[PDB]
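Asker: Protein chains in written order, with the deposited numbering: chain W, 258 to 328; chain A, 258 to 328; chain X, 193 to 584; chain L, 193 to 584; chain D, 194 to 584; chain E, 400 to 471; chain F, 258 to 328; chain U, 543 to 584; chain H, 5 to 98, 107 to 280, 290 to 328, 335 to 380, 393 to 453.
No residue lacks a Cβ here, since even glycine has one placed at the ideal position from N, Cα and C.
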Amino acid sequence: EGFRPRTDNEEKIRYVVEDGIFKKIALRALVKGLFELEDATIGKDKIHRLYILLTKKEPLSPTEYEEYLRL
Amino acid sequence: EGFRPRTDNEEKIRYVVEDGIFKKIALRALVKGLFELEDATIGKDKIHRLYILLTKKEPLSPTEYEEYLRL
Amino acid sequence: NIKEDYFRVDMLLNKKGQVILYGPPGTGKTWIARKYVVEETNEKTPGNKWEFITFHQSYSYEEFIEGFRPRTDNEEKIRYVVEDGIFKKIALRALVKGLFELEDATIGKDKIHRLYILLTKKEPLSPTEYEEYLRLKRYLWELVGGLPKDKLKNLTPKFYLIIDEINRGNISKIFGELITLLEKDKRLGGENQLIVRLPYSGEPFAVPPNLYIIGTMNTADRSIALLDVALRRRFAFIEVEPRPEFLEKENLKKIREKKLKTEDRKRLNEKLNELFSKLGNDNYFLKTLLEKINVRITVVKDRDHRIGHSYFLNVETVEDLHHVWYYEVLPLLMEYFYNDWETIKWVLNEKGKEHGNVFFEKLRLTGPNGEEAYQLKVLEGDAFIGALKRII
Amino acid sequence: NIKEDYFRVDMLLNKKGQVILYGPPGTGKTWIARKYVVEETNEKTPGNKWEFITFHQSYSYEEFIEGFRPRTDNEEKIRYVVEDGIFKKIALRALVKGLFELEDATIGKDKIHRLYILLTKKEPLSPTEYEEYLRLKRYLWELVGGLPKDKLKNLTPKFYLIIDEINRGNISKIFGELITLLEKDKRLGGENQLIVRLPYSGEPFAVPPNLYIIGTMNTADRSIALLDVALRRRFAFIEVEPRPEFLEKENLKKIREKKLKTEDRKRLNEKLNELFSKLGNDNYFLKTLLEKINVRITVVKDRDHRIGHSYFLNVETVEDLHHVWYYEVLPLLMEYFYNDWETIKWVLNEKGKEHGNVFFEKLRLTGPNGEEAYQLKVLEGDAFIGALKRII
Amino acid sequence: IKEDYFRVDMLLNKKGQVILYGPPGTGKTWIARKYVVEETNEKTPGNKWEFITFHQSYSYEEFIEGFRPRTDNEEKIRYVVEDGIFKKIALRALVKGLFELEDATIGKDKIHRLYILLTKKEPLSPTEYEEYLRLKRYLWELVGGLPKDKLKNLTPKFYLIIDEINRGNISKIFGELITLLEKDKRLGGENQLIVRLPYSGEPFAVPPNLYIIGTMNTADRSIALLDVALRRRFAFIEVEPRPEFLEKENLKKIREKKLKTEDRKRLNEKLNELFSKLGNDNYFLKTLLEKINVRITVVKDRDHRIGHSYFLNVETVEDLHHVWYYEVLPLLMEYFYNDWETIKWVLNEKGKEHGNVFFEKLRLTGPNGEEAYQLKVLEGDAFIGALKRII
Amino acid sequence: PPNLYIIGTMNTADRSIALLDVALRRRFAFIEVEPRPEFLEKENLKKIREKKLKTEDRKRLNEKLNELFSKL
Amino acid sequence: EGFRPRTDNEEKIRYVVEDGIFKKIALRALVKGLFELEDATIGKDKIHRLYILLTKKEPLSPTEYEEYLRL
Amino acid sequence: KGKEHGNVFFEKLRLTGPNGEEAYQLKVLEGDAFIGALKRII
Amino acid sequence: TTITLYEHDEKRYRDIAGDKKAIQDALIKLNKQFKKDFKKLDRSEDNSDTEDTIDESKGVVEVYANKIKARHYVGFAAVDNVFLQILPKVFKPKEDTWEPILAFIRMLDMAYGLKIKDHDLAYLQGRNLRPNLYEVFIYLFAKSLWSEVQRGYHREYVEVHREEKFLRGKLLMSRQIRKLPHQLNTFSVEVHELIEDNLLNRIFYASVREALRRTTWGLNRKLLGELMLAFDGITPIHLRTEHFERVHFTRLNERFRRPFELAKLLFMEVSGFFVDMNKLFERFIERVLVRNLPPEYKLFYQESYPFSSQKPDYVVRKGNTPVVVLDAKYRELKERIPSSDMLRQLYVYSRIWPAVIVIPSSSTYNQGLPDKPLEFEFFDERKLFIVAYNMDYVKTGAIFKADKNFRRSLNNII
Ligand SMILES: Nc1nc2c(ncn2[C@@H]2O[C@H](COP(=O)(O)OP(=O)(O)OP(O)(O)=S)[C@@H](O)[C@H]2O)c(=O)[nH]1
Ligand SMILES: Nc1nc2c(ncn2[C@@H]2O[C@H](COP(=O)(O)OP(=O)(O)OP(O)(O)=S)[C@@H](O)[C@H]2O)c(=O)[nH]1
Ligand SMILES: Nc1nc2c(ncn2[C@@H]2O[C@H](COP(=O)(O)OP(=O)(O)O)[C@@H](O)[C@H]2O)c(=O)[nH]1
Ligand SMILES: [Mg+2]
Ligand SMILES: [Mg+2]
Ligand SMILES: [Mg+2]
């Protein structure tokens, strides 16, 4: 986990926390493992939303990043 | 690549991602490689437009930097 | 016999204030410290009443007490607000949680409870409430200096701090303000109450009498050349010996059945009866094997380089004993003796043996200047058991 | 208390200006620095009259007197301002508090009171009043340039800075400007008034004669010892030897009932009578035990690695003496002589003994190349006192 | 008396920058402070002289020039390059020297405007800082159009008296100054050098007024000025620890210099009572410091010698006891940490084990045949009999 | 989570296994991948190169390896 | 060559790139070199305009630095 | 190397160390005696 | 195999351990290695003949067809698992070879200038270890290091201009002002941090690693094993001669002088060192004379040039007037008379300095022993006075009884 700069529609530099390699593969191993659990079916829609977001590349806008930090 | 300020509007100084030399030479080798390819003929009239932007021997103009970004 | 080890820690932790469970690795020093705090304050997770924290070689004072750290402010440009570390987020927390139960006519219990919420906040501090955190922290150290020493010894919630691998980090540099404070007398409420002024934030800071900093020092790495004055007088050192008494037939059965379930303990009984029958029907075999190999370690090398007993505590067959002897004992044994061979075979008393059922066989081609190089040799089946039955 | 270690600090600190209480760990160095300042200033907590800070290796020159420290303003988050450290906030505090009773500041006595408010202000300085603070600071060093040396010799408060473990930090770097100010005739009012020019703020600075610095270095470690010969002249070293005379029967009753003046004096006295009656009714046992170890450590180790009298000061019973032996000083003795068994057997005066009532039993298994090592033995009961009576 | 005063005054005109090096405890900062005060008649630092002292955090950016945030408006923090301590002196020593010239530097309205913005204690507002940066560009356009005869003789002598010059990383602090600190490489010299600074880019040259008298200690050999190119620039005055001041008469002449005959009668009978207990000899502390400094020269080095700042402030025999056991014997023990047969020889008690010895012998011995001594706090007239045996 | 396994890879020509950090020789478990010369036979070098190439490249690979070991 | 902040009187901190000592000698030697000959160096007033903007004692204004970057 | 007293920049201290060490001191000369200690270099 | 020699002593190849071919292979490397490193060590009347004798495989050892003979070069060397040690012939006896080891190191203590402790050597006396010079100088290095590492670790300060995620030390301002706001998230400081792996600690990690690999005791393997664990975080280096020169001894690492000089004496193939037995006695007598000659000051190596300069080993003069020449010779002095080569040099040293001359010689059970007083007065038909003095050697013990007998004979000579 670290700090990385990011532009907000061609504006001044906005710092945002972007997860590295190990945390993006440990959280991915968690949200993929919670599919086949019978007790984790209380949030199966929202966990599946996290796994699609965690395997895609370059989250372009903060509207899905705040969705990502909420999930 | 890194972040550089540009000559935008006066009260609207922007931080764009100006590419370095290794990204510019690897894109230029990829653009020139696909320019003479037969199966990449979907947008070959636009790959030659991307080649002129990469051999442009000057800092890129801000009214057409988004044309460089979209290509 | 583990309640005496939960009483040996407990009698020293109220007399000296903090301990260090120093001992060779693979013994249970991390497990004794974690299962004493969970048994004392019933919280299975870190956070509120204790905080697990390990040390490393690049761990610094600014991550422990406080330091200047760049922090984002509500999804915008960074500021440079000074962040309290992992100690100061629990040393202040042990103070304001203890100050709930104190019935004095000067406590701002509405203000202290507001400071307690901002200290247990798992999210980072936003600048709309970080100034509310620093202002309430300023009220705390104006209040602590006004309370007498009679009402700052009986604070009820015992806070803990498992410092894992305390000798791996540079101990005198991490404990900057904590090698003048970590005594039982230099805490708050004691006879020698010291409120030490900090360099970075500039606010005074003092350890409360609730906080007990349990340490789990491995001593096969970064050995007994410690600080020897500051980080040695404050800590009441407890030696956690590698006990081979937990490696009999009944002791392996009793350990692996209490944590087990209904159907697991019958299968663990059938597995262990199959294992010790392949060893020669010796119920005291793994005890005698570990006790014999520990005597050869303490004679040649130091007494704190012995092979522990967390390795052999999770075996169920001969094949699992093979995968713990060739990957958690013999690579550990070649680490201590610095790739030596003529003394690593005396530990197994295979000094006058080569090319047979030996763990280190000599290559049949000597070097130019008469030197010889040995090689680790994998075994299997009854050849490996016959190679273990002559260590005893 | 007032006999030797108080009256030789107060006489020497008033003559030299700075005192370092160098001595081995376990001696009253931090305690005699804390007791002298509290009994002088009549303020049992830090803050106004005195400041207790401690040095470490992460301690900065920029955080001691002056440095660029980035603050967090509202609209400009990254704002680099020059912030005075703790010494410049106690040297300016000792100056403008002492300048309340002078007769040449008759134009700006309100400005000196306003500057004293800004230095006692524990709130962080807003940038609307930081320029008011800097305008009053450069007014102050204009005012002491027009003050005569006959009127700056007697400033009626007495401010203190107890730095603890002074030798741990880079003392040549922390005392940047202070390696030429810290002298009795080189402060303000002395025979050579020196107002040096600080690097960062560009404002002149001079230590007032109001201030005193009581360092307490530790001299068990040697890589952090104070060998700066140009700095050892500025201080005045006081060797606090570890006195075993605080461990007699009458002395333990006089040291432990002076602090605890509650109604448990009948409880401590009957417990200390029972403790020494188990020791053979020897009123000079623990005095002889610490003396016959510190002499036997002085002859083989250095003279500054001796056992202090803070280990055996808090003993109450034989069970408490057993806890302070096997867990505090015997792991300490195994740290001094780490696998040097012929020395550590001799320090406890068990050199010929290898079996029976002894702390270190001899293993009955020698090594390959003729080496042999020993093993601890947890003793208890009257056999433990029979292993302590052999030392004295 | 005036010999060390005149010796500084001679070398500060020949080489340009003197260094008073010596063992710690002698008059190095004192003879440097008394020289600049008696030559400039200014007892506190200010325009005519400035005292600084070096350390490891005294880098190049705050000594000559570097970037420094400064706005003086509580808004619009202007990241501008600000001159350090030295360039605020060398520009001040130049524009003070450009007053007495007749018609060579025709800047009599623009030089005095630059001097009043250089001695201004209040920090520079940006509406007047643009005037200060524009007049400084006029200065190095002025200097360069002046003849060397009207630039060598600038009248008012400025001093940057620095201290512990060895303690800072001197080759890093001296940046562009590493080639300008000769007497003939200044302004007005035979080979003037208008050298260029990195950060601001404005050129720079030291005026011939500015003299750098820098005191250092040479007992720390870890940090000594061993650069052989910063020993050519400086003139190194030997300041040895002189025990001539520790007589009865020479101690009475020094310690009764500023007392106005009020406590001088108290001091006269106090020194009469000190030397009556030492054996009625006026020459005790002279040969006590001599027989220690000679015995510490043949053992450690020439540079670790005990100074004469320790014994200079003694009044009675009790104050000599508190400066022996607390300032110099802890100093003598940390030269020779656990080196006991050497520190016994500095006090020449080498055959003396017990009795009136500072280091009594422990009655124990070692298992391998070793021994170690123990410090013995002596009091009364037995202390003097343990001290007179050194002589 | 207990899914994430950390398969390291260590070129130990420069740094030996004893010259690692102390929280690496005990958290991890070391497998020595020994240099096997048995992959360089006449039939073993053919089988390894048969997985990457095609059928017509394999006869040229067979003829070149027959030309190689005949010269040796 | 390096980066350098430059706020003139009231503008924002526009991060200009300031040429060091060497480029203000290397460009100054090249422009004074080309000023004496006339083979294909058209725009001798344009080369002279670059030489004036290299010996500026004052720092360059943003209305003059931008034409200095073009020349 | 052989001159230890008289017109020499370094006189010898009269006593040696406890284990065979011996140090000197920088003697300040003046006048023609300084030249006589300087012309013996050449 | 362990082979041991005394000065001018021989061993048979048939009785010797190991192989006949293995020892002669070890020696021809050692005598060749002594050729390239001959000029570093000084001599005194050695008759070395540098051109012919040393390069003919006769530098240290004379390897012959039927035996192995030692020259007069004292010390030790370990080559190809054939550890050679050459003790002086004076300490030869009539634990049986453990007295001459501590005698030779004590003669290597006072003469050569080492500052080892007597309680370092007295720890080994009686522990029935195998006598070996390499096993004790590794121990004298390892004990003096582990007694100087147990107190302090030698963490020395370097300054680094490092970009840190936190703020430690002085913040660099010219590197932080010119920082773009896209990279503002790291401070740029210049912190004076203390590093454990300094150059003196890289050497002592490498000097231990090359010592534990080549040690054979059970005491040094335990002591170097604890030293290597204390130096675990230090990155290793390959030792050279540039590394032992690049460090300088200031006041903050002066206590590491004793292990480093012994680490330079043993490390820099070959291992160990050799010195001439003539000069080592010439240096050892110089410690005895200046201590024992209060009336007259004595200087070693004073030279007077005839006609090619023939210089005495030592001359004592009170002021300048008495000329009492003292030339130290390692010769046995058979038949109670000096030889042709000895007395011819004694005649020149007296004439070019009315000058008496005294020759000190060794005396033990093995060497030739004269009577207790000044044994031989001689006149060379020019009113000369040649006195044959003999120093007895209680240096095998720890007490200096013979120094009083040497002073009493010198007081009758003075
Ligand atoms: N009453 C009394 N208590 C003493 C005396 N000497 C030591 N103590 C006790 O010793 C305890 C700790 O001693 P302390 O002075 O703090 O050691 P220290 O100087 O800090 O040791 P270090 O680690 O810095 S080196 C205190 O609780 C104090 O009560 C004494 O002379 N009188
Ligand atoms: N009158 C007089 N006083 C002296 C003389 N030498 C030293 N002193 C006094 O001794 C005190 C200490 O001398 P000082 O100059 O401060 O030592 P120092 O060389 O600066 O010490 P250092 O750490 O920087 S190395 C001064 O206050 C000074 O008054 C002298 O020759 N005459
Ligand atoms: N049940 C039980 N398990 C133990 C005991 N001691 C150690 N263990 C086991 O040891 C393991 C922990 O080892 P650890 O403390 O991390 O070793 P170390 O920190 O390297 O010294 C756990 O899996 C426990 O199951 C014990 O007394 N009882
Ligand atoms: Mg652990
Ligand atoms: Mg302390
Ligand atoms: Mg000074």
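Which residues does DSSP list as the beta-bridge partners of H/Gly79?
Answerer: H/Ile90, H/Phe295
Asker: Which residues of chain E have a Cβ atom closer than 8 Å to the Cβ of W/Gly300, listed in chain order?
Answerer: Per Cβ cutoff of 8 Å: no residues; W/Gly300 is ~16 Å from chain E at best.
Asker: Which residue wins for smallest C-alpha separation from H/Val343, given the options H/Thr403, H/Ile452, H/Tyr404, H/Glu420?
Answerer: H/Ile452
Asker: Is L/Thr312 close to ligand 8? I mean its beta-carbon at under 6 Å from any heavy atom of the ligand.
Answerer: Summarising the ligand content, the structure contains ligand 1, ligand 2, ligand 3, ligand 4, ligand 5 and ligand 6 and does not contain ligand 8.
Asker: What do you reckon, are the CB atoms on H/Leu408 and H/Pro271 nearer than 7 Å?
Answerer: no
Asker: Check whether the Cβ atoms of H/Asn85 and X/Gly562 sit closer than 7 Å, and answer yes or no.
Answerer: A contact, by the Cβ cut-off of 7 Å.
Asker: For H/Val67 versus H/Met298, is the C-beta spacing smaller than 7 Å?
Answerer: no
Asker: Using a Cβ-Cβ cutoff of less than 8 Å, which residues in the same chain neighbour L/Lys543 once the five nearest sequence positions on both sides are dropped?
Answerer: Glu534, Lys537
Asker: Does any CB atom of chain W fall closer than 7 Å to the CB of H/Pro143?
Answerer: no
Asker: Going by the C-beta, is X/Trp223 closer than 6 Å to any heavy atom of ligand 3?
Answerer: Judged by the Cβ position, X/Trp223 qualifies as a neighbour of ligand 3 at the 6 Å threshold, a heavy atom of the ligand being closer than this.
Asker: Out of X/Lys207, X/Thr320, X/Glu369, X/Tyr331, which one is the CA nearest neighbour of X/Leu307?
Answerer: X/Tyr331
Asker: Cα separation between D/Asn359 and X/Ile387?
Answerer: Cα to Cα, D/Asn359 sits roughly 37 Å from X/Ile387.
Asker: Put X/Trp242 into one of helix, strand or coil per three-state DSSP.
Answerer: strand
Asker: Report yes if the C-beta distance between D/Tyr214 and D/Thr411 is below 7 Å; otherwise report no.
Answerer: yes
Asker: Got a sec: is the Cβ-Cβ distance from A/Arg271 to anything in chain W below 7 Å?
Answerer: yes
Asker: May I ask you to verify whether the segment 457 to 466 of chain X touches the segment 555 to 572 of chain L, counting CB pairs closer than 8 Å and requiring at least 3?
Answerer: Verdict: no, contact absent.
Asker: With a threshold of 16 other CB atoms inside 10 Å of the CB of X/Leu555, please say whether the residue is buried or exposed.
Answerer: Exposed: under 16 other Cβ atoms inside 10 Å.
Asker: Quick one: give me the first and last residue of the beta strand (DSSP E) that L/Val211 is part of.
Answerer: 210 to 212
Asker: Let me check you understand the geometry: is the CB of D/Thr408 closer than 6 Å to at least one non-hydrogen atom of ligand 6?
Answerer: Answer for D/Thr408: yes, Cβ within range of ligand 6.
Asker: Quick check: does the Cβ of D/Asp494 come within less than 6 Å of any heavy atom belonging to ligand 2?
Answerer: D/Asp494 Cβ: outside cutoff for every heavy atom of ligand 2.
Asker: Could you check whether the Cβ of A/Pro319 sits closer than 7 Å to any Cβ belonging to chain F?
Answerer: no
Asker: At the level of alpha carbons, what is the spacing between H/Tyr374 and H/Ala355?
Answerer: 14 Å
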